[PDB]
Amino acid sequence: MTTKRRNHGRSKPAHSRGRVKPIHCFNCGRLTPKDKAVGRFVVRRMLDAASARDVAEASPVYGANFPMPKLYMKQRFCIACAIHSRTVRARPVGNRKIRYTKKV
Amino acid sequence: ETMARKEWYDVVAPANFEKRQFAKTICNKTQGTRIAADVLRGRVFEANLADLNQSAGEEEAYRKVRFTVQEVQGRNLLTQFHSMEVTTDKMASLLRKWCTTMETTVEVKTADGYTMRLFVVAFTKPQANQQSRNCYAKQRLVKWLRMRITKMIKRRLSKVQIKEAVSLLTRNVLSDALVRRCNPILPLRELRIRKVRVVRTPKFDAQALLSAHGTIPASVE
Amino acid sequence: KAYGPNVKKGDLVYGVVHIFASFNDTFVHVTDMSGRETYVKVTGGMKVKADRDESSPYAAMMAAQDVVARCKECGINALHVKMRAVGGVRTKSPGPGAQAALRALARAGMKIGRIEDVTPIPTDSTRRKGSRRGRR
Amino acid sequence: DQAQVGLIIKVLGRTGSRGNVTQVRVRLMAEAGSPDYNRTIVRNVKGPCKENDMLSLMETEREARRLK
RNA sequence: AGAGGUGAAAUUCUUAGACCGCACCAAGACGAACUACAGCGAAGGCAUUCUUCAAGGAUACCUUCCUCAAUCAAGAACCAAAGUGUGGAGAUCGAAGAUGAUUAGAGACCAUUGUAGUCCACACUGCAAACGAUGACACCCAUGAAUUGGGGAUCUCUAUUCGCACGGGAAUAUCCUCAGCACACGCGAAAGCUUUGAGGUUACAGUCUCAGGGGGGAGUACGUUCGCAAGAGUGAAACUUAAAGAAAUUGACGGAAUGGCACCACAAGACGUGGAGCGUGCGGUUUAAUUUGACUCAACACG
């Protein structure tokens, strides 16, 4: 019926590609096209802050001017698996169009 | 229990490294027809370069070096270079969206007989003035990196012996030169050597190993 | 009684710990440089009586202590660490019983150094278990 | 003995569905010439709590709410 | 000495050593991150590197040619996934199948499996939400920041960083320009469209072509052409029906979210109401009559 988006939920305009190999969903397995799926890049700490003080204490080399490693992963979510996880939520019609991009 | 029949050993490193004997391990008693040594050969042993050298407070805690046991002398374990790595988390933090990453592989056969793969990774840079939202490289400049990065690693490591070759890799002399020459093509952010693993070992020759370790340190045990 | 290397007392013998923690369980596993040999293999389910809490973080804490019970016996003071997600195609996010292992180690008196992420990463993967629709 | 008597530094908030338990940051009560703080381990308390409560912890060194 | 897997389990694997940890070896698939409102392709589709073979667009040009063109019944080629044929391959996943759970029932959804298949060569099929649900060629059309090719100027804008060797180079900055994918008028039932039109249309005319004529029946029936088959193209009527449908609005509802608030709500939890003793009220059965209202909260010690 009504078009809900000028974009149809894709990064793909008409007269661009046409296919866009699909990817698996973190948490689900749903195949969705790499445009559709909601990506997030993460940079996560290995250890909770109060767990760092313990381990960062217990190490000869680590924890002074040198820090711990982190977990770096992209996450590509099915649009269902993304809403349920709340990484994205519905938004009022006026606000549907907002692009955060990366700025600072 | 099991720690009873076990024995201890320390793992020597080639003399070009600083800390020589970096590890403590185990093997069963000779135990009849079985022989402790024959099982101890081929065991890879790992390290972190900042642990192994006394160098690098500054940039290398991030390279893992690993060795294989090619001989067993006394209570020691004598090794040879097996591979060099870049740690999982160091390599995952180099990536950036909006830049191009440019990877190569180079196979060199050293003067010493070993043929080693070399995995290089170069990242494009935004310029000072750069008003644009992209670092992306034209693909004819990408392909004219890979030819240099090959021609240099072929030319420099092929006329060298592993003893001098490993020191080029662990002291990042290559990486310094591979940037110097490959910088004028594309502005490069970092160009690193991700993995070195040594594919073919020429032979086993005792003298070649012994003169690789120099003066071997004591291992009570 | 303890079986050590011959080492001037108080100096520390490094050994490696492979912490592989899925969402269904946790392994706390001590090996040596290579890893051709083990000292302690304890799973978060060896200390727990049910499959529900098999993976719980208070399970790993009780497992990682019994690794220090054994290491002090095997003469291993300090540990390098390798931490692992359930695997390459399935899930890259570490399980809840990770971090409850390390603390139960540092807080048990072990040294620590040079943690890494060993979780195997598919440059290119075979198909994941879920159907094209997903797990639903 | 098992009594390790800490202070509530603060009520780190209400936590949980019914209104009952409350997240709290605990300052281990015991003081020694080598003062052993945690310094702080978050806890969940059962029943009403207040700014200077003495909270003796029978199960020490558990990392609290984290997960849920 | 457990492992797996789940909401919790169990089917399944384990002292004949699984799970786990190192280094390898074998096979088949696959090309992560970089990866974008990016590029290329007529569409379908296309992601490692190196070599290699024919092409394709864009741009540059005071080359050549001189109407050779636009769109198209019939006709031809290509067409994702599944399918089909003969050989190969057989790692992962997995229609059918088997097993354990779930359930009032439940081969379903979930879990351990598993055949065809998924992959490749050579043939067929031509049946997509094959979508931008938007035919093709041409013209006119305002604005802001961007982006991918190529070119030009700076050598009023001229400037930055890198330094025989695939290099009198590479990228950037300012400005222009052609060509590509995109983020004011007017029109529209509205949603919305806009130099990437759904604009320039009752003030109706630039050209060609395809399809539609209330909803069903029905893409069915018969006929016929094509196909190994599955099926594809072409395609009615009898009969039935007063609406079906589109956009938008205000309510209502949600096992959607988001702030809140309630002891007729819960917590923590005090006192007994539930089923005998007995006060009536109601229902019932009874009898001439058991007069009668009011049946969730807002009916029943109430009239």
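In what follows, the structure referred to is the one given above.
What counts and how
- Residues numbered from 1 in each chain as written, not as in the entry; some residues may be left out.
- Chains lettered and ligands numbered in written order.
- Part of a larger assembly, values for the part shown.
- Heavy atoms only, no water.
- Residues with missing side-chain atoms left out of burial classes, pairs and counts.
- Contact = heavy atoms within 4.5 Å.
- Buried area = accessible area lost by both parts, 1.4 Å probe.
- Salt bridge = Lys/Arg side-chain N within 4 Å of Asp/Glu carboxyl O.
- Polar contact = N/O pair within 3.5 Å; in protein donor to acceptor, adjacent residues only side chain to side chain.
- Helix = DSSP H or I, 4+ residues; strand = E, 2+ residues; numbered from the N terminus.
- Core = buried A, V, L, I, M, F, W, Y, C linked by side-chain atoms within 4.5 Å.
- Buried < 20%, exposed > 50% of the residue type's maximum accessible area, 1.4 Å probe, protein only.

Colleague: An account of the interface of chain A and chain C is needed here, citing residue identities and associated values.
Modeller: Listed by partner, the interface residues are 23 residues for chain A and 24 residues for chain C. Together chain A and chain C conceal approximately 2200 Å² of surface at their shared face, both sides included; 60% is due to carbon and sulfur atoms. Contact with chain C buries surface across chain A, with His24, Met46 and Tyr62 of chain A losing the most and accounting together for 22% of the total. For the interface between chain A and chain C, the tally reads 2 salt bridges. Notably, a salt bridge pairs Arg107 of chain C with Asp54 of chain A, separated by 3.4 Å at the nearest N-O pair. For the interface between chain A and chain C, the tally reads 9 residue pairs in polar contact. For the side of chain A that touches chain C, the elements supplying multiple residues, two or more each, are helix 1 (49-55) and strand 5 (70-71) of chain A. Tallying contributions element by element places helix 1 of chain A first for the side of chain A that touches chain C, with 4 residues.

Colleague: So what about the nonpolar core? Which residues, and what values?
Modeller: Residues and elements named next belong to chain B. The biggest cluster of nonpolar side chains holds 52 residues, and the ones touching the most others in it are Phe22, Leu118 and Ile153. Per-element tally for this core: the top contributor is helix 5 (residues 139-158), with 7 residues. With residues near it in sequence (within four places) discarded, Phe22 still touches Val11, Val12, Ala13, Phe45, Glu46, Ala47, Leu52 and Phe67.

Colleague: Please set out unusual backbone geometry residue by residue, giving values where relevant.
Modeller: In this chain, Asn38 of chain D is followed by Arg39 of chain D through a cis amide linkage whose omega measures 0°. Position of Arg39 of chain D relative to the elements: it lies in the loop between strand 2 (22-27) and strand 3 (40-45). In this structure, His15 of chain A takes a positive phi of about 90° despite not being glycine. Within the fold, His15 of chain A resides in the segment before strand 1 (22-23).

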